[PDB]
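Participant: One file: upload-v4.txt (compact mmCIF, N, CA, C and O atoms).
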# COMPACT_ATOMS: atom_id res chain seq x y z
N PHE A 1 -12.46 14.44 -37.19
CA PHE A 1 -11.86 14.20 -35.89
C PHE A 1 -10.40 14.65 -35.83
O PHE A 1 -9.78 14.53 -34.77
N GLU A 2 -9.84 15.14 -36.94
CA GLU A 2 -8.49 15.69 -36.95
C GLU A 2 -8.47 17.21 -36.96
O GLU A 2 -7.46 17.80 -36.56
N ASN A 3 -9.55 17.85 -37.42
CA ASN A 3 -9.63 19.31 -37.48
C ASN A 3 -10.44 19.89 -36.33
O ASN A 3 -11.01 20.98 -36.45
N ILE A 4 -10.51 19.17 -35.21
CA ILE A 4 -11.11 19.72 -34.00
C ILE A 4 -10.17 20.76 -33.42
O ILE A 4 -8.97 20.51 -33.27
N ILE A 5 -10.70 21.94 -33.09
CA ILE A 5 -9.87 23.04 -32.62
C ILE A 5 -9.77 22.99 -31.10
O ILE A 5 -10.77 22.84 -30.40
N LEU A 6 -8.54 23.12 -30.60
CA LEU A 6 -8.28 23.10 -29.17
C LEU A 6 -8.11 24.51 -28.63
O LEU A 6 -8.98 25.02 -27.91
N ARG A 7 -7.00 25.16 -28.98
CA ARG A 7 -6.68 26.49 -28.50
C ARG A 7 -7.00 27.53 -29.56
O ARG A 7 -6.67 27.35 -30.74
N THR A 8 -7.64 28.62 -29.14
CA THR A 8 -7.80 29.80 -29.97
C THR A 8 -6.77 30.84 -29.53
O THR A 8 -6.75 31.24 -28.36
N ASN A 9 -5.90 31.24 -30.45
CA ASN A 9 -4.81 32.13 -30.13
C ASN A 9 -5.21 33.58 -30.33
O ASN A 9 -6.10 33.90 -31.13
N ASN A 10 -4.55 34.47 -29.59
CA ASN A 10 -4.79 35.90 -29.71
C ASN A 10 -4.39 36.46 -31.07
O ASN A 10 -4.71 37.61 -31.37
N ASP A 11 -3.70 35.66 -31.89
CA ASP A 11 -3.31 36.05 -33.24
C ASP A 11 -4.21 35.43 -34.30
O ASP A 11 -3.84 35.40 -35.48
N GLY A 12 -5.38 34.93 -33.91
CA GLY A 12 -6.33 34.35 -34.83
C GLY A 12 -6.06 32.91 -35.22
O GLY A 12 -6.98 32.24 -35.72
N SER A 13 -4.85 32.41 -35.01
CA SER A 13 -4.52 31.04 -35.39
C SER A 13 -5.29 30.04 -34.53
O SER A 13 -5.80 30.36 -33.45
N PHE A 14 -5.36 28.80 -35.02
CA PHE A 14 -6.10 27.73 -34.36
C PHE A 14 -5.21 26.51 -34.21
O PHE A 14 -4.65 26.02 -35.20
N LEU A 15 -5.08 26.02 -32.98
CA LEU A 15 -4.42 24.75 -32.72
C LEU A 15 -5.44 23.63 -32.80
O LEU A 15 -6.52 23.73 -32.21
N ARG A 16 -5.10 22.57 -33.52
CA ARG A 16 -6.04 21.50 -33.81
C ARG A 16 -5.51 20.16 -33.32
O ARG A 16 -4.32 19.99 -33.05
N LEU A 17 -6.43 19.19 -33.21
CA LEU A 17 -6.10 17.86 -32.72
C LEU A 17 -5.12 17.13 -33.62
O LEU A 17 -4.43 16.22 -33.16
N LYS A 18 -5.04 17.52 -34.90
CA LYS A 18 -4.07 16.90 -35.80
C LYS A 18 -2.64 17.20 -35.35
O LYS A 18 -1.75 16.36 -35.48
N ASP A 19 -2.41 18.40 -34.82
CA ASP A 19 -1.09 18.83 -34.37
C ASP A 19 -0.70 18.23 -33.02
O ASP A 19 0.36 18.58 -32.50
N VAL A 20 -1.53 17.36 -32.44
CA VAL A 20 -1.31 16.91 -31.08
C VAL A 20 -1.64 15.43 -30.95
O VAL A 20 -1.39 14.81 -29.90
N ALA A 21 -2.20 14.84 -32.00
CA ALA A 21 -2.61 13.45 -31.96
C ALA A 21 -2.74 12.92 -33.38
O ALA A 21 -2.66 13.66 -34.36
N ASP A 22 -2.95 11.61 -33.48
CA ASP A 22 -3.27 10.93 -34.73
C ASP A 22 -4.57 10.17 -34.55
O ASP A 22 -4.77 9.49 -33.54
N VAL A 23 -5.46 10.28 -35.54
CA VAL A 23 -6.78 9.66 -35.45
C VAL A 23 -6.85 8.48 -36.41
O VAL A 23 -7.33 8.61 -37.54
N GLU A 24 -6.39 7.32 -35.96
CA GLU A 24 -6.46 6.11 -36.76
C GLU A 24 -7.82 5.45 -36.60
O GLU A 24 -8.41 5.47 -35.52
N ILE A 25 -8.32 4.86 -37.68
CA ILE A 25 -9.65 4.27 -37.69
C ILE A 25 -9.55 2.87 -37.08
O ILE A 25 -9.13 1.92 -37.74
N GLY A 26 -9.93 2.76 -35.80
CA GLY A 26 -10.03 1.50 -35.08
C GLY A 26 -9.01 0.44 -35.39
O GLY A 26 -7.80 0.69 -35.35
N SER A 27 -9.49 -0.76 -35.73
CA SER A 27 -8.66 -1.91 -36.06
C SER A 27 -7.64 -2.18 -34.97
O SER A 27 -7.88 -2.99 -34.06
N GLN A 28 -6.50 -1.49 -35.04
CA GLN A 28 -5.41 -1.63 -34.08
C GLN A 28 -4.97 -3.09 -33.95
O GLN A 28 -4.93 -3.66 -32.86
N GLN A 29 -4.64 -3.69 -35.09
CA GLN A 29 -3.92 -4.95 -35.05
C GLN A 29 -2.52 -4.71 -34.49
O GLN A 29 -2.08 -3.57 -34.31
N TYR A 30 -1.82 -5.80 -34.20
CA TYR A 30 -0.65 -5.88 -33.33
C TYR A 30 -1.04 -5.66 -31.87
O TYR A 30 -0.16 -5.60 -31.00
N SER A 31 -2.32 -5.48 -31.58
CA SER A 31 -2.88 -5.82 -30.28
C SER A 31 -3.45 -7.23 -30.27
O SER A 31 -3.75 -7.77 -29.20
N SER A 32 -3.60 -7.83 -31.46
CA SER A 32 -4.09 -9.20 -31.63
C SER A 32 -3.84 -9.65 -33.07
O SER A 32 -4.75 -9.64 -33.89
N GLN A 33 -2.60 -10.03 -33.37
CA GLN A 33 -2.24 -10.43 -34.72
C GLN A 33 -2.84 -11.80 -35.07
O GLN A 33 -3.04 -12.65 -34.20
N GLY A 34 -3.12 -11.99 -36.35
CA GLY A 34 -3.65 -13.23 -36.86
C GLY A 34 -2.64 -13.95 -37.74
O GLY A 34 -1.65 -13.39 -38.21
N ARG A 35 -2.92 -15.23 -37.98
CA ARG A 35 -2.04 -16.08 -38.76
C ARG A 35 -2.85 -17.10 -39.53
O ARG A 35 -4.02 -17.37 -39.21
N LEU A 36 -2.22 -17.67 -40.56
CA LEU A 36 -2.75 -18.81 -41.30
C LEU A 36 -1.63 -19.44 -42.12
O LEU A 36 -1.15 -18.84 -43.09
N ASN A 37 -1.20 -20.65 -41.74
CA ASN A 37 -0.10 -21.35 -42.39
C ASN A 37 1.18 -20.52 -42.37
O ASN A 37 1.99 -20.58 -43.30
N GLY A 38 1.37 -19.73 -41.31
CA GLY A 38 2.53 -18.87 -41.17
C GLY A 38 2.33 -17.46 -41.67
O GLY A 38 2.96 -16.53 -41.15
N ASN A 39 1.48 -17.27 -42.67
CA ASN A 39 1.24 -15.95 -43.23
C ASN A 39 0.26 -15.16 -42.37
O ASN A 39 -0.55 -15.72 -41.63
N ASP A 40 0.33 -13.84 -42.48
CA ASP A 40 -0.59 -12.97 -41.76
C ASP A 40 -1.98 -13.06 -42.38
O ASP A 40 -2.13 -12.99 -43.60
N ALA A 41 -2.99 -13.23 -41.53
CA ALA A 41 -4.37 -13.35 -42.00
C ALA A 41 -5.31 -12.91 -40.89
O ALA A 41 -5.14 -13.29 -39.73
N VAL A 42 -6.32 -12.12 -41.26
CA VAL A 42 -7.33 -11.65 -40.32
C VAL A 42 -8.47 -12.67 -40.30
O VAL A 42 -9.11 -12.88 -41.34
N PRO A 43 -8.75 -13.30 -39.16
CA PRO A 43 -9.78 -14.34 -39.13
C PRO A 43 -11.15 -13.85 -38.69
O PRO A 43 -11.26 -12.98 -37.82
N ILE A 44 -12.19 -14.41 -39.29
CA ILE A 44 -13.57 -14.20 -38.87
C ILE A 44 -14.11 -15.54 -38.38
O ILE A 44 -14.01 -16.55 -39.10
N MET A 45 -14.67 -15.56 -37.18
CA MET A 45 -15.22 -16.77 -36.58
C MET A 45 -16.74 -16.73 -36.69
O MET A 45 -17.39 -15.91 -36.04
N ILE A 46 -17.30 -17.62 -37.50
CA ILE A 46 -18.75 -17.72 -37.68
C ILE A 46 -19.29 -18.56 -36.53
O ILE A 46 -19.16 -19.78 -36.52
N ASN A 47 -19.91 -17.90 -35.55
CA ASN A 47 -20.46 -18.57 -34.39
C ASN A 47 -21.89 -18.99 -34.68
O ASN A 47 -22.72 -18.17 -35.08
N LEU A 48 -22.18 -20.28 -34.48
CA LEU A 48 -23.51 -20.80 -34.76
C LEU A 48 -24.52 -20.27 -33.75
O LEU A 48 -24.25 -20.26 -32.55
N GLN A 49 -25.68 -19.84 -34.24
CA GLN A 49 -26.72 -19.33 -33.37
C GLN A 49 -27.36 -20.48 -32.59
O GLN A 49 -27.29 -21.65 -32.98
N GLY B 1 -18.45 27.69 7.64
CA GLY B 1 -18.93 28.22 6.38
C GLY B 1 -19.02 27.20 5.26
O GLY B 1 -18.89 27.57 4.09
N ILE B 2 -19.22 25.93 5.60
CA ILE B 2 -19.36 24.87 4.61
C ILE B 2 -20.85 24.59 4.43
O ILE B 2 -21.54 24.20 5.38
N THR B 3 -21.35 24.80 3.21
CA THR B 3 -22.74 24.49 2.92
C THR B 3 -22.90 22.98 2.70
O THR B 3 -21.94 22.24 2.50
N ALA B 4 -24.16 22.53 2.76
CA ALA B 4 -24.43 21.11 2.57
C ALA B 4 -24.08 20.66 1.16
O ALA B 4 -23.74 19.49 0.95
N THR B 5 -24.14 21.57 0.18
CA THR B 5 -23.75 21.22 -1.18
C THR B 5 -22.26 20.94 -1.28
O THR B 5 -21.85 20.08 -2.07
N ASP B 6 -21.44 21.64 -0.50
CA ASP B 6 -20.01 21.34 -0.46
C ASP B 6 -19.75 19.93 0.05
O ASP B 6 -18.80 19.28 -0.39
N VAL B 7 -20.58 19.45 0.98
CA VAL B 7 -20.45 18.08 1.46
C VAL B 7 -20.75 17.09 0.34
O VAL B 7 -20.08 16.06 0.22
N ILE B 8 -21.74 17.41 -0.49
CA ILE B 8 -22.12 16.50 -1.57
C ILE B 8 -21.03 16.42 -2.63
O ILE B 8 -20.68 15.33 -3.09
N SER B 9 -20.47 17.56 -3.02
CA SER B 9 -19.46 17.56 -4.07
C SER B 9 -18.13 17.02 -3.57
O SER B 9 -17.37 16.43 -4.35
N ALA B 10 -17.83 17.19 -2.28
CA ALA B 10 -16.60 16.63 -1.73
C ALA B 10 -16.65 15.11 -1.69
O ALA B 10 -15.66 14.44 -2.01
N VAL B 11 -17.80 14.55 -1.31
CA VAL B 11 -17.96 13.10 -1.32
C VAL B 11 -17.99 12.59 -2.76
O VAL B 11 -17.42 11.53 -3.07
N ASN B 12 -18.64 13.33 -3.66
CA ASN B 12 -18.73 12.91 -5.05
C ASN B 12 -17.37 12.86 -5.72
O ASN B 12 -17.14 12.04 -6.62
N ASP B 13 -16.44 13.73 -5.30
CA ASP B 13 -15.15 13.83 -5.96
C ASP B 13 -14.09 12.94 -5.32
O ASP B 13 -13.26 12.37 -6.03
N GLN B 14 -14.09 12.82 -3.99
CA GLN B 14 -13.07 12.03 -3.32
C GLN B 14 -13.37 10.53 -3.32
O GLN B 14 -12.46 9.73 -3.11
N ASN B 15 -14.62 10.14 -3.56
CA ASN B 15 -15.01 8.74 -3.69
C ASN B 15 -15.30 8.49 -5.16
O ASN B 15 -16.46 8.44 -5.59
N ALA B 16 -14.24 8.33 -5.95
CA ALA B 16 -14.35 8.23 -7.39
C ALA B 16 -14.50 6.76 -7.81
O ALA B 16 -14.69 5.87 -6.98
N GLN B 17 -14.40 6.51 -9.11
CA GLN B 17 -14.48 5.15 -9.64
C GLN B 17 -13.13 4.45 -9.53
O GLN B 17 -12.49 4.48 -8.48
N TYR B 18 -12.70 3.82 -10.62
CA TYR B 18 -11.43 3.11 -10.69
C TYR B 18 -10.66 3.59 -11.92
O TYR B 18 -11.11 4.47 -12.65
N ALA B 19 -9.48 3.01 -12.14
CA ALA B 19 -8.65 3.38 -13.28
C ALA B 19 -7.65 2.26 -13.54
O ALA B 19 -6.97 1.81 -12.61
N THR B 20 -7.55 1.83 -14.80
CA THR B 20 -6.72 0.69 -15.15
C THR B 20 -6.27 0.83 -16.60
O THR B 20 -7.05 1.23 -17.47
N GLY B 21 -5.00 0.50 -16.85
CA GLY B 21 -4.44 0.50 -18.18
C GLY B 21 -3.27 -0.46 -18.25
O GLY B 21 -2.94 -1.14 -17.27
N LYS B 22 -2.63 -0.50 -19.42
CA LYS B 22 -1.46 -1.34 -19.64
C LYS B 22 -0.36 -0.51 -20.29
O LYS B 22 -0.63 0.45 -21.01
N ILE B 23 0.89 -0.90 -20.04
CA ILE B 23 2.04 -0.17 -20.53
C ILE B 23 2.72 -0.96 -21.63
O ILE B 23 3.58 -1.81 -21.36
N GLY B 24 2.35 -0.69 -22.88
CA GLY B 24 2.94 -1.36 -24.02
C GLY B 24 2.14 -2.50 -24.60
O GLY B 24 2.72 -3.35 -25.27
N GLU B 25 0.82 -2.53 -24.38
CA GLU B 25 0.00 -3.61 -24.91
C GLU B 25 -0.26 -3.45 -26.40
O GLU B 25 -0.35 -4.45 -27.12
N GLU B 26 -0.39 -2.22 -26.87
CA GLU B 26 -0.69 -1.93 -28.27
C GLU B 26 0.60 -1.96 -29.09
O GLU B 26 1.69 -2.00 -28.53
N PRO B 27 0.48 -1.98 -30.46
CA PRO B 27 1.67 -2.12 -31.33
C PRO B 27 2.95 -1.48 -30.82
O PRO B 27 2.97 -0.33 -30.39
N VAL B 28 4.04 -2.24 -30.90
CA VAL B 28 5.30 -1.84 -30.28
C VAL B 28 5.97 -0.76 -31.13
O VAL B 28 6.12 -0.91 -32.35
N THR B 29 6.36 0.33 -30.48
CA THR B 29 7.30 1.27 -31.06
C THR B 29 8.74 0.93 -30.69
O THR B 29 9.67 1.39 -31.37
N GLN B 30 8.94 0.14 -29.64
CA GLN B 30 10.23 -0.42 -29.29
C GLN B 30 10.05 -1.87 -28.86
O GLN B 30 8.96 -2.28 -28.44
N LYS B 31 11.12 -2.64 -28.98
CA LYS B 31 11.11 -4.07 -28.65
C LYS B 31 11.11 -4.22 -27.14
O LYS B 31 12.16 -4.32 -26.50
N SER B 32 9.91 -4.24 -26.55
CA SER B 32 9.76 -4.41 -25.11
C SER B 32 9.74 -5.90 -24.76
O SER B 32 9.02 -6.66 -25.41
N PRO B 33 10.50 -6.33 -23.75
CA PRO B 33 10.53 -7.77 -23.44
C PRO B 33 9.25 -8.27 -22.79
O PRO B 33 8.89 -9.44 -22.97
N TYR B 34 8.54 -7.42 -22.04
CA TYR B 34 7.31 -7.84 -21.39
C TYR B 34 6.48 -6.60 -21.10
O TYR B 34 6.99 -5.47 -21.09
N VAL B 35 5.19 -6.82 -20.86
CA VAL B 35 4.22 -5.74 -20.67
C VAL B 35 3.59 -5.89 -19.29
O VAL B 35 3.18 -7.00 -18.90
N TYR B 36 3.51 -4.79 -18.56
CA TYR B 36 2.84 -4.74 -17.26
C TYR B 36 1.65 -3.79 -17.34
O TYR B 36 1.44 -3.10 -18.34
N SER B 37 0.87 -3.77 -16.26
CA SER B 37 -0.35 -2.98 -16.18
C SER B 37 -0.38 -2.19 -14.89
O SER B 37 0.33 -2.50 -13.93
N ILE B 38 -1.22 -1.15 -14.86
CA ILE B 38 -1.33 -0.26 -13.71
C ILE B 38 -2.80 -0.14 -13.32
O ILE B 38 -3.70 -0.19 -14.16
N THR B 39 -3.04 0.01 -12.02
CA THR B 39 -4.38 0.12 -11.46
C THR B 39 -4.44 1.30 -10.50
O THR B 39 -3.42 1.91 -10.16
N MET B 40 -5.65 1.62 -10.06
CA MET B 40 -5.87 2.79 -9.20
C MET B 40 -7.24 2.67 -8.56
O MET B 40 -8.26 2.72 -9.26
N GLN B 41 -7.28 2.53 -7.23
CA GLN B 41 -8.52 2.33 -6.49
C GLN B 41 -8.89 3.64 -5.79
O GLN B 41 -8.44 3.92 -4.68
N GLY B 42 -9.72 4.44 -6.45
CA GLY B 42 -10.17 5.69 -5.87
C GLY B 42 -11.46 5.54 -5.09
O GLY B 42 -12.37 6.37 -5.21
N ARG B 43 -11.55 4.49 -4.28
CA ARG B 43 -12.74 4.18 -3.52
C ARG B 43 -12.37 4.01 -2.05
O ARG B 43 -11.35 3.41 -1.72
N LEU B 44 -13.21 4.55 -1.17
CA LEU B 44 -12.98 4.50 0.27
C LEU B 44 -13.71 3.29 0.85
O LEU B 44 -14.93 3.19 0.74
N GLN B 45 -12.95 2.39 1.48
CA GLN B 45 -13.52 1.17 2.05
C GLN B 45 -14.00 1.39 3.49
O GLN B 45 -15.18 1.16 3.79
N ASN B 46 -13.11 1.82 4.37
CA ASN B 46 -13.42 1.96 5.78
C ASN B 46 -14.15 3.28 6.05
O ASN B 46 -13.95 4.26 5.34
N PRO B 47 -15.00 3.32 7.08
CA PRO B 47 -15.61 4.60 7.47
C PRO B 47 -14.61 5.58 8.04
O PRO B 47 -14.87 6.79 7.99
N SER B 48 -13.49 5.10 8.57
CA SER B 48 -12.44 6.00 9.04
C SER B 48 -11.83 6.79 7.90
O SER B 48 -11.32 7.90 8.10
N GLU B 49 -11.87 6.24 6.68
CA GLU B 49 -11.40 6.97 5.51
C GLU B 49 -12.40 8.02 5.06
O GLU B 49 -12.00 9.03 4.47
Translate this file's structure into structure tokens.

Facilitator:
Amino acid sequence: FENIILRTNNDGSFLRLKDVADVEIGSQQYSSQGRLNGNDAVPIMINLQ
Amino acid sequence: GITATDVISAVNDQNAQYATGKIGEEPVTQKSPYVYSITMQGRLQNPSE
């Protein structure tokens, strides 16, 4: 997903999505930070069926 | 000189869906004091529209 080619140049070169974006793998914490006793912690909630 | 297909594509394009986002909801690159959001109603309500 970073070596996708966008522009094909008349000089043979290739512009790619890496040169125009960053492809981070999901997660994206600091959209919803977690805590536990003050320390940072990612929580999992086991929901009963 | 307007064909019936032009009527279909004009209605299909000018009566679009919606659009909504937020400005600064994801991890901060700068210390923003508060976050707002933006909307966009691309839908025609009245028949006069």

Participant: For range 12-21 of chain A, please output as a list in words all residues within 8 Å (counting all atoms listed in the file; exclusion window: fewer than 6 positions along the same chain).

Facilitator: residues 1, 2, 3, 4, 5 and 6 of chain A

Participant: Please determine an axis-aligned box that encloses all atoms of range 30-46 of chain B listed in the file, with 6 Å added on each side, and express its centre and edge lengths in Å to one decimal as lines of an AutoDock Vina configuration file.

Facilitator:
center_x = -1.5
center_y = -1.5
center_z = -11.8
size_x = 39.3
size_y = 27.8
size_z = 47.7

Participant: Quick one: distance from atom N of residue 26 in chain B to CA of residue 29 in chain A in Å, one decimal?

Facilitator: 9.3 Å

Participant: Residues within 6 Å of residue 44 in chain B, please, as number ranges by chain. Count all atoms listed in the file; anything in the same chain fewer than 5 positions from it doesn't count.

Facilitator: B: 14-15, 49

Participant: Given a cut-off of 7 Å, which residues of chain A touch chain B, counting all atoms listed in the file, written out as a list in words?

Facilitator: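 Going by the stated atoms only, the list reads residues 28, 29, 30, 31 and 32 of chain A.
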
Participant: By how many Å are atom C of residue 39 in chain B and CA of residue 13 in chain B apart?

Facilitator: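 A separation of 17.1 Å between them.
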
Participant: Please report the interatomic distance between atom C of residue 31 in chain B and atom N of residue 33 in chain A in Å with one decimal.

Facilitator: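 The value is 16.1 Å.
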
Participant: Identify all residues of range 3-49 of chain B in strand (DSSP E or B) (DSSP on the backbone) and supply them as a ChimeraX atom specification.

Facilitator: /B:18-23,36-41

Participant: If DSSP is run on the backbone, what residues of chain B are alpha helix (DSSP H)? A reply as a VMD selection string would be ideal.

Facilitator: chain B and resid 4 to 14

Participant: Based on the selection just made, write N, CA, C and O atoms of those residues as a PDB file, keeping the file's coordinate frame.

Facilitator:
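And here's out.pdb as it stands now:
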ATOM      1  N   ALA B   4     -24.160  22.530   2.760  1.00  0.00           N
ATOM      2  CA  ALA B   4     -24.430  21.110   2.570  1.00  0.00           C
ATOM      3  C   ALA B   4     -24.080  20.660   1.160  1.00  0.00           C
ATOM      4  O   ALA B   4     -23.740  19.490   0.950  1.00  0.00           O
ATOM      5  N   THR B   5     -24.140  21.570   0.180  1.00  0.00           N
ATOM      6  CA  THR B   5     -23.750  21.220  -1.180  1.00  0.00           C
ATOM      7  C   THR B   5     -22.260  20.940  -1.280  1.00  0.00           C
ATOM      8  O   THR B   5     -21.850  20.080  -2.070  1.00  0.00           O
ATOM      9  N   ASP B   6     -21.440  21.640  -0.500  1.00  0.00           N
ATOM     10  CA  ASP B   6     -20.010  21.340  -0.460  1.00  0.00           C
ATOM     11  C   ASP B   6     -19.750  19.930   0.050  1.00  0.00           C
ATOM     12  O   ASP B   6     -18.800  19.280  -0.390  1.00  0.00           O
ATOM     13  N   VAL B   7     -20.580  19.450   0.980  1.00  0.00           N
ATOM     14  CA  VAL B   7     -20.450  18.080   1.460  1.00  0.00           C
ATOM     15  C   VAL B   7     -20.750  17.090   0.340  1.00  0.00           C
ATOM     16  O   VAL B   7     -20.080  16.060   0.220  1.00  0.00           O
ATOM     17  N   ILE B   8     -21.740  17.410  -0.490  1.00  0.00           N
ATOM     18  CA  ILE B   8     -22.120  16.500  -1.570  1.00  0.00           C
ATOM     19  C   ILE B   8     -21.030  16.420  -2.630  1.00  0.00           C
ATOM     20  O   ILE B   8     -20.680  15.330  -3.090  1.00  0.00           O
ATOM     21  N   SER B   9     -20.470  17.560  -3.020  1.00  0.00           N
ATOM     22  CA  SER B   9     -19.460  17.560  -4.070  1.00  0.00           C
ATOM     23  C   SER B   9     -18.130  17.020  -3.570  1.00  0.00           C
ATOM     24  O   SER B   9     -17.370  16.430  -4.350  1.00  0.00           O
ATOM     25  N   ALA B  10     -17.830  17.190  -2.280  1.00  0.00           N
ATOM     26  CA  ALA B  10     -16.600  16.630  -1.730  1.00  0.00           C
ATOM     27  C   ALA B  10     -16.650  15.110  -1.690  1.00  0.00           C
ATOM     28  O   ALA B  10     -15.660  14.440  -2.010  1.00  0.00           O
ATOM     29  N   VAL B  11     -17.800  14.550  -1.310  1.00  0.00           N
ATOM     30  CA  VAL B  11     -17.960  13.100  -1.320  1.00  0.00           C
ATOM     31  C   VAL B  11     -17.990  12.590  -2.760  1.00  0.00           C
ATOM     32  O   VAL B  11     -17.420  11.530  -3.070  1.00  0.00           O
ATOM     33  N   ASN B  12     -18.640  13.330  -3.660  1.00  0.00           N
ATOM     34  CA  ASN B  12     -18.730  12.910  -5.050  1.00  0.00           C
ATOM     35  C   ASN B  12     -17.370  12.860  -5.720  1.00  0.00           C
ATOM     36  O   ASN B  12     -17.140  12.040  -6.620  1.00  0.00           O
ATOM     37  N   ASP B  13     -16.440  13.730  -5.300  1.00  0.00           N
ATOM     38  CA  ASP B  13     -15.150  13.830  -5.960  1.00  0.00           C
ATOM     39  C   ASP B  13     -14.090  12.940  -5.320  1.00  0.00           C
ATOM     40  O   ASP B  13     -13.260  12.370  -6.030  1.00  0.00           O
ATOM     41  N   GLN B  14     -14.090  12.820  -3.990  1.00  0.00           N
ATOM     42  CA  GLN B  14     -13.070  12.030  -3.320  1.00  0.00           C
ATOM     43  C   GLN B  14     -13.370  10.530  -3.320  1.00  0.00           C
ATOM     44  O   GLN B  14     -12.460   9.730  -3.110  1.00  0.00           O
TER      45      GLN B  14
END

Participant: List every protein, DNA or RNA residue that has an atom no more than 8 Å from (-12.1, 11.7, -5.0) in the file's coordinate frame, counting only N, CA, C and O atoms, and report them as a PDB file with N, CA, C and O atoms, in the coordinates of the input.

Facilitator:
ATOM      1  N   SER B   9     -20.470  17.560  -3.020  1.00  0.00           N
ATOM      2  CA  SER B   9     -19.460  17.560  -4.070  1.00  0.00           C
ATOM      3  C   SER B   9     -18.130  17.020  -3.570  1.00  0.00           C
ATOM      4  O   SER B   9     -17.370  16.430  -4.350  1.00  0.00           O
ATOM      5  N   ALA B  10     -17.830  17.190  -2.280  1.00  0.00           N
ATOM      6  CA  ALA B  10     -16.600  16.630  -1.730  1.00  0.00           C
ATOM      7  C   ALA B  10     -16.650  15.110  -1.690  1.00  0.00           C
ATOM      8  O   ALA B  10     -15.660  14.440  -2.010  1.00  0.00           O
ATOM      9  N   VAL B  11     -17.800  14.550  -1.310  1.00  0.00           N
ATOM     10  CA  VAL B  11     -17.960  13.100  -1.320  1.00  0.00           C
ATOM     11  C   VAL B  11     -17.990  12.590  -2.760  1.00  0.00           C
ATOM     12  O   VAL B  11     -17.420  11.530  -3.070  1.00  0.00           O
ATOM     13  N   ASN B  12     -18.640  13.330  -3.660  1.00  0.00           N
ATOM     14  CA  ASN B  12     -18.730  12.910  -5.050  1.00  0.00           C
ATOM     15  C   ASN B  12     -17.370  12.860  -5.720  1.00  0.00           C
ATOM     16  O   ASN B  12     -17.140  12.040  -6.620  1.00  0.00           O
ATOM     17  N   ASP B  13     -16.440  13.730  -5.300  1.00  0.00           N
ATOM     18  CA  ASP B  13     -15.150  13.830  -5.960  1.00  0.00           C
ATOM     19  C   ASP B  13     -14.090  12.940  -5.320  1.00  0.00           C
ATOM     20  O   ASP B  13     -13.260  12.370  -6.030  1.00  0.00           O
ATOM     21  N   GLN B  14     -14.090  12.820  -3.990  1.00  0.00           N
ATOM     22  CA  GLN B  14     -13.070  12.030  -3.320  1.00  0.00           C
ATOM     23  C   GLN B  14     -13.370  10.530  -3.320  1.00  0.00           C
ATOM     24  O   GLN B  14     -12.460   9.730  -3.110  1.00  0.00           O
ATOM     25  N   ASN B  15     -14.620  10.140  -3.560  1.00  0.00           N
ATOM     26  CA  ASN B  15     -15.010   8.740  -3.690  1.00  0.00           C
ATOM     27  C   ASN B  15     -15.300   8.490  -5.160  1.00  0.00           C
ATOM     28  O   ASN B  15     -16.460   8.440  -5.590  1.00  0.00           O
ATOM     29  N   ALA B  16     -14.240   8.330  -5.950  1.00  0.00           N
ATOM     30  CA  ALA B  16     -14.350   8.230  -7.390  1.00  0.00           C
ATOM     31  C   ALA B  16     -14.500   6.760  -7.810  1.00  0.00           C
ATOM     32  O   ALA B  16     -14.690   5.870  -6.980  1.00  0.00           O
ATOM     33  N   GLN B  17     -14.400   6.510  -9.110  1.00  0.00           N
ATOM     34  CA  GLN B  17     -14.480   5.150  -9.640  1.00  0.00           C
ATOM     35  C   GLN B  17     -13.130   4.450  -9.530  1.00  0.00           C
ATOM     36  O   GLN B  17     -12.490   4.480  -8.480  1.00  0.00           O
ATOM     37  N   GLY B  42      -9.720   4.440  -6.450  1.00  0.00           N
ATOM     38  CA  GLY B  42     -10.170   5.690  -5.870  1.00  0.00           C
ATOM     39  C   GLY B  42     -11.460   5.540  -5.090  1.00  0.00           C
ATOM     40  O   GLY B  42     -12.370   6.370  -5.210  1.00  0.00           O
ATOM     41  N   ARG B  43     -11.550   4.490  -4.280  1.00  0.00           N
ATOM     42  CA  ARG B  43     -12.740   4.180  -3.520  1.00  0.00           C
ATOM     43  C   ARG B  43     -12.370   4.010  -2.050  1.00  0.00           C
ATOM     44  O   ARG B  43     -11.350   3.410  -1.720  1.00  0.00           O
TER      45      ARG B  43
END

Participant: Nearest residue to residue 20 in chain B out of B:41, B:34, B:3, B:48, using all atoms listed in the file?

Facilitator: B:41
